[PDB]
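A short write-up of the structure that comes next.
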Amino acid sequence: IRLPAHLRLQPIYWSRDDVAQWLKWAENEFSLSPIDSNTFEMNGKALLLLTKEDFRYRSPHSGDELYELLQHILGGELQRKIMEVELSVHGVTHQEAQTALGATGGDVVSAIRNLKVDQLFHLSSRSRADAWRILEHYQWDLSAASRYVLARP
Ligand SMILES: [K+]
């Protein structure tokens with residue numbers, strides 16, 4: 001039906017109060033069994049990281065419904081992807097994560113690798129093929145690849 005204010009923002013901006021308000025909205029809109037407000041004590045970012053099994057454990061009556069709503073109706077899937085990209089590539093901005101996912105078609109794996117080469121390339125005068133060499137050499141661990149180039153004699 002109609003989503004309330006604040007619930008219209010992306011889930012990554014949902015506060016812990018917004019999440020409780022979301023649960024209330026879904027309960028009334030979908031005639032769910034009463035959901036205790038202390039069932040998801042976390043903000044919208046955390047919410048996106050729970051698995052479907054986690055939603056079922058926390059709400060046996062409605063967990064799977066809530067997951068599908070959040071992830072596949074309210075845009076949770078893309079926001080989980082951008083958050084994984086941003087957290088897998090230190091130094092990446094949120095806007096940059098969105099841009100890289102779009103540039104790879106929602107392929108999280110390609111987007112992370114593309115940003116890792118960008119980040120390592122940014123640390124020195126070495127070329128992009130040099131940065132690729134060090135990343136491949138270090139099994140795409142950006143932390144170790146970075147320290148290799150920073151600690152050269
Ligand atoms: K590029």
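In the structure tokens, the first chain shown is A, the next is B, and so on; residue numbers restart at 1 for each chain, and ligands run from 1 in the order shown.
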Quiz prompt | Contacts with ligand 1 at most 8 Å, only C-alpha atoms and all ligand atoms counted, listed as a count of residues only | solution = 4
Quiz item: Residues at most 12 Å from residue 60 of chain A, counting only C-alpha atoms, excluding those fewer than 3 positions away in the same chain, as number ranges by chain?
Solution: A: 32-36, 39, 52-57, 63-67
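Residues with any atom within 8 Å of residue 20 of chain A, counting only C-alpha atoms and excluding same-chain neighbours fewer than 6 positions away, are residues 37, 38 and 40 of chain A.
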Quiz prompt | Given only C-alpha atoms as the counted atoms, nearest of A:69, A:74, A:150, A:123 to residue 9 of chain A | solution = A:74
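Comparing A:87, A:128, A:147, A:112 by their smallest distance to residue 99 of chain A, the closest is A:112 (using only C-alpha atoms).
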Spatial neighbours of residue 92 of chain A, max dist 12 Å, only C-alpha atoms, sep filter under 5 positions, as a PDB file with C-alpha atoms, in the first residue's frame:
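Result file is selection.pdb:
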ATOM      1  CA  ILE A  82      26.696  -1.261  -1.847  1.00  0.00           C
ATOM      2  CA  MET A  83      27.367  -1.816   1.854  1.00  0.00           C
ATOM      3  CA  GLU A  84      29.358  -4.969   1.155  1.00  0.00           C
ATOM      4  CA  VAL A  85      31.367  -3.126  -1.515  1.00  0.00           C
ATOM      5  CA  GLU A  86      32.022  -0.180   0.800  1.00  0.00           C
ATOM      6  CA  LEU A  87      33.060  -2.472   3.647  1.00  0.00           C
ATOM      7  CA  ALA A  97      30.456   1.987  -4.232  1.00  0.00           C
ATOM      8  CA  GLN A  98      27.134   2.713  -5.955  1.00  0.00           C
ATOM      9  CA  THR A  99      28.993   3.887  -9.055  1.00  0.00           C
ATOM     10  CA  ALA A 100      31.122   0.729  -9.265  1.00  0.00           C
ATOM     11  CA  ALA A 111      32.930  -4.132  -8.426  1.00  0.00           C
ATOM     12  CA  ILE A 112      35.135  -4.963  -5.423  1.00  0.00           C
ATOM     13  CA  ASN A 114      37.691  -2.954  -9.815  1.00  0.00           C
ATOM     14  CA  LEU A 115      37.794  -0.686  -6.752  1.00  0.00           C
ATOM     15  CA  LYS A 116      40.709  -2.598  -5.223  1.00  0.00           C
ATOM     16  CA  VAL A 117      42.814  -1.887  -8.330  1.00  0.00           C
ATOM     17  CA  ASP A 118      41.747   1.767  -8.155  1.00  0.00           C
ATOM     18  CA  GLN A 119      42.688   2.056  -4.479  1.00  0.00           C
ATOM     19  CA  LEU A 120      46.088   0.387  -4.852  1.00  0.00           C
ATOM     20  CA  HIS A 122      46.209   5.509  -5.934  1.00  0.00           C
ATOM     21  CA  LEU A 142      44.012  -4.990  -0.506  1.00  0.00           C
TER      22      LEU A 142
END
Quiz prompt | All residues 10 Å or closer to residue 48 of chain A, only C-alpha atoms, same chain fewer than 5 positions away omitted, as a PyMOL selection string | solution = chain A and resi 11-12+43+67+70-71+75-81+83
Exercise. For atom CA of residue 18 of chain A and atom CA of residue 6 of chain A, determine how far apart the two atoms are, in Å to one decimal place.
Key: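 Between atom CA of residue 18 of chain A and atom CA of residue 6 of chain A the gap works out to 6.9 Å.
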Exercise. Give me the residues within 9 Å of residue 25 of chain A as a PyMOL selection string, counting only C-alpha atoms and dropping any in the same chain fewer than 4 places off.
Key: chain A and resi 3-4+20-21+29-30
Exercise. Check chain A with DSSP on the backbone and list each residue it calls alpha helix (DSSP H), as a PyMOL selection string.
Key: chain A and resi 16-29+44-49+52-58+63-68+76-88+94-102+108-121+128-137+142-150
Exercise. Go ahead and compute the interatomic distance for atom CA of residue 108 of chain A and atom CA of residue 144 of chain A, in Å to one decimal.
Key: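 Separation between atom CA of residue 108 of chain A and atom CA of residue 144 of chain A: 20.8 Å.
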